[PDB]
Each structure stands twice: as structure tokens, then as C-alpha cells.
């Protein structure tokens, strides 16, 4: 059913039923970056101007040493472009401010990135923060990055901030040189496996000829020319214990299950993004996470930025209220007959599926969150 095609980010409110909600004009949103965003800010101006939108108020924050390296990473600009344009589109064309928390590129190990997360939590000005990044959780564990960063996310959750993190682009093969098929050996991405963030997986998005939502399947576009798998990350952490709100997914291990929710991720149904002035059709869970961030920021604006970290409420509300989501039922996030399969209700490729924002907003008005 429906058609697979690229989409302007301004289409995401129509697709996920958010047009009747407020924009995110009253909510400040952050984006974690590696290095600078100078070209990204030019591409953002192109984005708002081409779409006839009011300009976005931005700030860039050097999160580490004042002598650090915050030069633009050229390939990185495409990520910060995807993130910023998808947030602003999904938000209905307005955010209060977009803050770019830039990691120092000349810091030791992963310490630049850790310090970027730290600054966003310390400052506590952004209500929702996008993280379209990740890597094998076992590698993060081995060198202590996991432990250091989980402390920061724990503080964020306690203070009511929502970090949104892409679940991964490697399907179940995150730890096998970042997505090479490995049979029955499955792994997950950090920081998505943290119980202190919302992990956002990936769908293949079909729309009707009139541009309305039609259906979603799992994101899995198979192998590229190098033999690497492109599919939604999903599974469970080998380290993190299950938070109690996930007990509603019976028959799963005592571990943090991910993702929590999912949005559009297939390149073939991806977003049209300005990158160094040129439009490109881009996917990944790097796309799905900023869609969530923009939509969630609308719900914050509708609720005076008073909604806390929403994981427990998503699990209780969605398990009891299937109308709040588009339940993905078809596809798998592996290769060669391996990987997890989607199915009725929560599944490992897609978690609960995508949010129907107007229905979720009505739920929140009635029940709180």
C-alpha cells in the first residue's frame, strides 16, 4: 500500500498527525554535534528561507576547552543538517531556540562527546536534546565511556530533560565492525541502550498519493556495496538492567530493551536535506530521532514544558492504548534469515512504532504524562 518516496521535513507533521498541535515555538531544543556547525547554519538558513518560514534562533556552544577544535567536520555537516532541518520541520516550522552543543574534536578518547552531553545537562536550558550518534555499547563499556555518560543522562532524566538517541543503522550487527552480517550474533548501540534516554528506531514510510500516512514497515535496506547492513538498531543491552516500566513487554530478558519508539528511517523514504547547498535524500535512525525530537517539542510547548522524562509514561500509555501508535508488524532487522522480526505490539526492530501525535496529545490532556 502507498508509495515509497522522499519527503520534505515540513511534511512530517502531516504524516505523524501533528498539524493540530502547537509548534515548538515555546520549547528550546538541543542538538549534540561533533565539531562545528558553520556550514550547517547556512544550510539551515536555506531550509527556512526556501520553505517560507520565520528564521530560527540558534546558538553554538563550545562544550570543552576554549582552545579545543570546533572546526567543521565536512561529513558531519550532513548529520547536523539532517538533525536541524528534520527537527524544525517536524516541530511545525518553529522552535524557541536551537542550541548546538559542540564536542571538542581534539579531546582525548570520547571525552569531547562526554563533555558535550555534560554541558547540555549542566546548563539545563534545552528541554529536548537530539543525539543522532552511536557505536557498539561493548566498546563504550570497555573504556569507561558508558559509565561516565550514563551518569550524565541519569541527571538529565531526573531534571526532566529528554535525550533522544538514534537506535543504530547496523540492524542487529552493531558490534561486528559496525554492521557486517554476523549470523545469530546480535548487539546494540550506545547511547541508545541507556535507560535514561529515549531510543528511536527506524521505519520504512509509505504515504498515499495525497501525502497522507499509509503504512510503516521495518527499516531494512540490506547490504551496501561494501557488504554492510543498513537497518534499524534494536535488541537489548547486555549491561543495562530493565527499567521497571518495560515489564509490560513480557517474555523479554532483564535488560534495557530498545528502541522505545520509531519513525521514518529508510533512505528510500527519507528526508530531502540541504547539505552544502545541495539537496540530498537522507535516512537512518539519524533521521528518526530528530523527527521524534521535533514532534515531542510540540507536545512540550502544548504543556508548558512541564512533561518529564517520558519513558515510563510511553510504556504504560501505549501498552494500554494501542491507538496512540502506528504498530509496525512487517520486516526484520537482520540479514540472511537472522535478526529480530516485527510483530504485534512492542518488538525489537521498532519498539512501539511511531506516535500519532494528536492522539497522544489528547491522551496527555486527559491523563497527564
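Residue numbers count along the first chain shown, from 1.
- Between the stretches 191-199 and 138-146, it is 138-146 that shows the larger average CA temperature factor.
- Averaged over CA atoms, B-factors in the entry run higher in 114-122 than in the other of 286-294 and 114-122.
- Of the candidates 51, 27, 45, 59, the PDB record gives 59 the highest C-alpha temperature factor.
- Ranking 252, 130, 97, 86 by Cα temperature factor from the entry places 97 first.
- Sort the modelled residues of the chain by CA B factor and residue 315 lands in the lowest third.
- Residue 72: CA B factor lies in the highest third for its chain, per the PDB record.
- Sort the chain's modelled residues by C-alpha temperature factor and residue 338 lands in the highest third, per the entry.
- In the PDB entry, residue 300 places in the lowest third of its chain by CA B-factor.
- Sort the chain's modelled residues by C-alpha temperature factor and residue 270 lands in the middle third, per the entry.
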